[PDB]
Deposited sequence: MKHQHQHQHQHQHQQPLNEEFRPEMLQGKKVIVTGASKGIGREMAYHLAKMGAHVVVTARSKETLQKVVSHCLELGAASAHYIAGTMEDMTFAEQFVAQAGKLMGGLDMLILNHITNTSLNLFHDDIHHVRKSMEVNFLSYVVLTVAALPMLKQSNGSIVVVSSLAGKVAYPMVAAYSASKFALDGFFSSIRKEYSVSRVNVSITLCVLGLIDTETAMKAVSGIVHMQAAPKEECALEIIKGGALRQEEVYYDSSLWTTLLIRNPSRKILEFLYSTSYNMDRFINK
């Protein structure tokens, strides 16, 4: 049930929200936009040094409140207590933004199984664990889940096999879960975010000299809109060529066709 209107800041006012991989890039921006709305926000990543700043600056921007908890999403235990600790900190939760990933470079896959396992653990599994942990709270506030994926998670590219495997997984898993929430009349929206190339330090470090990326600041924003407006998918890619084709009716058809079937 996507909402029948457009988005304005107030919708996030005093809304308790989690953001992962929020110490830099798209994550951080999302945190900043979030403050500019006066929402409550807890943020996480590994490094406490950078998290301290994000927290400190979100207050300036006017967040109702802002805190961090550091730990590696390599660690399902941490991911599970993180959500408990944060949500109890804020006495509830309205929107879960799953954004972090393990460190990846661009290269040929070359028998790097350990890196495929780690990608799958951090980028994909941890999202599930995180969701599991928040479901009870999200049911409470008829909240929302937002999952940051890529183009590389809808179609193929070389140089990101592990990465892509994991991004594809999110789609399969969370799109499947939606249909399940529907038929169980569970009212938690789930938004998958197909993002083209974005101007983050990390991304630009690997590209730039292979060329163009969309502005990180707006990306963060569109993500936030799609999530608040409870939309199934959000696309954000600089080239309007792309944004119009990615869609895929054969699937929407095939899914819906086999829905009223049972």
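Engineer: Which ranges of the deposited chain go unmodelled, in order along the sequence?
Structural biologist: Gaps vs deposited seq, in order: 1-14, 226-227, 279-286.
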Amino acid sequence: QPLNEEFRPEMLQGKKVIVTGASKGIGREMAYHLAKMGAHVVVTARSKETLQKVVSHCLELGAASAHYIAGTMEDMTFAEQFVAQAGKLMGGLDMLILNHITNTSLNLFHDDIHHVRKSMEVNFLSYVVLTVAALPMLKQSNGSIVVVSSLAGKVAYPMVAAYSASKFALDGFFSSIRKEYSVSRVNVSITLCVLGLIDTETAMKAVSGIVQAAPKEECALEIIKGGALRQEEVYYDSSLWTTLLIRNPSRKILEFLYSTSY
From here on, numbers count along this sequence of modelled residues.
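Take the two forms, superpose them, and find the largest set of C-alpha atoms that agree within 1.5 Å; that set is the rigid core.
Engineer: When the core is superposed, where do the C-alphas shift more in 7 other deposited structures of this protein: in 236-244 or in 9-17?
Structural biologist: Higher average C-alpha offset in 7 other deposited structures of this protein goes to 236-244.
Engineer: Of the stretches 102-110 and 167-175, which sits farther from where it is here in 7 other deposited structures of this protein, on average over its Cα atoms, after fitting the core?
Structural biologist: Result of the core-fitted comparison in 7 other deposited structures of this protein: 102-110 deviates more.
Engineer: Is it true that at least a third of the other compared entries have no coordinates for residue 211?
Structural biologist: Yes; at least one third of the other entries leave residue 211 out.
Engineer: With reference to the PDB entry, specify whether the mean Cα temperature factor is higher for 166-174 or for 83-91.
Structural biologist: In the deposited entry, the stretch with the higher C-alpha B-factor mean is 83-91.
Engineer: Higher average CA B factor in the deposited record is what I'm after, so tell me if that's 136-144 or 156-164.
Structural biologist: Mean C-alpha B-factor is greater for 136-144.
Engineer: Taking only the Cα B-factors deposited for this chain, tell me whether residue 215 sits in the lowest, middle or highest third.
Structural biologist: Highest third - that is where residue 215 ends up once the chain's C-alpha B-factors are sorted.
Engineer: What third of its chain's C-alpha B-factors does residue 196 belong to: lowest, middle or highest?
Structural biologist: According to the entry, residue 196 has a C-alpha B-factor in the chain's lowest third.
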